[PDB]
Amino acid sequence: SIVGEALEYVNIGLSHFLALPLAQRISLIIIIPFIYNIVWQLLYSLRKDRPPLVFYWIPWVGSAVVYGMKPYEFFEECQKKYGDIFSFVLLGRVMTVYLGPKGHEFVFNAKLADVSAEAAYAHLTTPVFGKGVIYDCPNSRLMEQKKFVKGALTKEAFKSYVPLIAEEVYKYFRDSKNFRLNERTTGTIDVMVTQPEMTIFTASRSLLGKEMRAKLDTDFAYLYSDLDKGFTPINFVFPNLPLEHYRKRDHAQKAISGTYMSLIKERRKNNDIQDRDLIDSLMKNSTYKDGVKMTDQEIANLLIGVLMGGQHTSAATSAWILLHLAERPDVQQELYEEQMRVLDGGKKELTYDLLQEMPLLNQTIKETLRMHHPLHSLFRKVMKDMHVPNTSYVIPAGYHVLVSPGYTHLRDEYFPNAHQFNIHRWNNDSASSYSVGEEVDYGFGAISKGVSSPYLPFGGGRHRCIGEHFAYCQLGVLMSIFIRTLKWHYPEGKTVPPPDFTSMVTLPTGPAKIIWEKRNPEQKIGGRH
């Protein structure tokens, strides 16, 4: 009765292992984790308290490639095989996806102690925006920062922003090489060139003020480009590897936040604090409820985060609006008639109030956001084991949950003929979003308590967007002027481009070109240039 002999051979086998030729160790270096990964999944599949896990060949990497390149096609296939709740491995992480409205509820309305946004996102945003704000701070601090920013995003502020945004659009039509409407009556543009520029010019002028706008006419503008490059999914995996891309980013954040702090300190020095912009607003209103004041640095960092977030979602969206309308001269025509009726043939100056009397224009924004949600996936890190209602599934702490309202936007069950661009599906329902019942306030205003709406472009719950009305104002003004000034169409045999899902938002694959022409060839834009 000797297992002793077998124990000796374990030890012997171990020493013979360590003495294998390098070619075989390297081999086993790869064979043993590859094999282990596969038997681990098979064992995992037997667990009744876990959602089904998408099978993958490469350890650590997981389904990263197919998810990264075609997330909605990935979800649809998984949904057919497994149903609405399933997990997949992503660059060392386990992601649990809950599709559909119940998914929205599970994640967006999750208890504060159950999940963490900042633990999922801080590595992406903190290097770009700076310390102490958004996700580099406790949730309670984020809630109040959202309250401070929302305090400058009032109806009165929008009434004052509309003519400023309009001035910037007209200036861009007058001065930009992409247009020059006083010199040229037709031309070709890449919308992924023009919309980022139009977006930063309009958002700078209105949210940051004339000083910060004026700086964009200089070499300073290049820092925004640099800071922009740092805003990339690569930050999720390699947040800080010592390359030049990362240094240009870090430098830009310092230079840009330094510029904002210079203005802030100048205004306080001169008692020059009015109600012009978001800077005036945060200077007057940025004291937390425990009495700590945001620092000038944190105020500047919060300005960067707000401008940068709004930059990418808005620019992507007006690009998509232009691209869907380029093959729909019927929609351009209908929008143009609305412009003529609401603005008395163009005799009335556009105001924020008249924007609210443009339902087809607003429905066009609404429908573009349905077909092209800028953020295909939203994430939380699971902090406490979560039971999935009406199942035996438990999502353990350390997992991440993923929700995708943009996926549901594209399902025929909730939006008939979902892959058809049709602004009239929103007839008599042109509001950017609408709360169908009870409300709750997490610290930045009363918002919808339920988050089961199949249309959820602005998310929901404590992390819900506060930029929605600014975006509609900005997009509204911009598109109102595009429509009254130009017609546009595709180059021969071109059509709406497929989305690029790998960038930070779901951009059109470029170059995405349209041909514009002036509705009034002789019309001139005044002002000095």
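Note that residue numbering begins at 1 and tracks the sequence as displayed. Heads up, when I say rigid core I mean the largest set of C-alphas that superpose within 1.5 Å between the two forms.
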| property | result |
| --- | --- |
| Rigid core superposition result in 5 other deposited structures of this protein, more deviant of 410 to 418, 235 to 243 by Cα | 235 to 243 |
| Divergent stretch in 5 other deposited structures of this protein, 226 to 234 or 324 to 332 [C-alpha RMS, superposed by the core] | 226 to 234 |
| Between the two ranges 397 to 405 and 328 to 336, the one averaging a larger CA B factor in the entry | 397 to 405 |
| Entry-level comparison of average CA B-factors, 303 to 311 and 426 to 434, reporting the higher stretch | 426 to 434 |
| Residue, from 175, 357, 266, 413, that the PDB entry assigns the highest Cα B-factor | 266 |
| Largest Cα B-factor, entry values, listed residues 471, 35, 466, 479 | 35 |
| Ranked C-alpha temperature factor of residue 371 among modelled chain residues, by third | lowest |
| Assigned third (lowest, middle, highest) for the C-alpha B factor of residue 249 | highest |
| Residue 218 by Cα B-factor - lowest, middle or highest third of the modelled chain | highest |
| Residue 495 CA temperature factor, ranked by third within the chain | middle |
| Chain third (lowest, middle, highest) by recorded CA B-factor, residue given as residue 104 | middle |
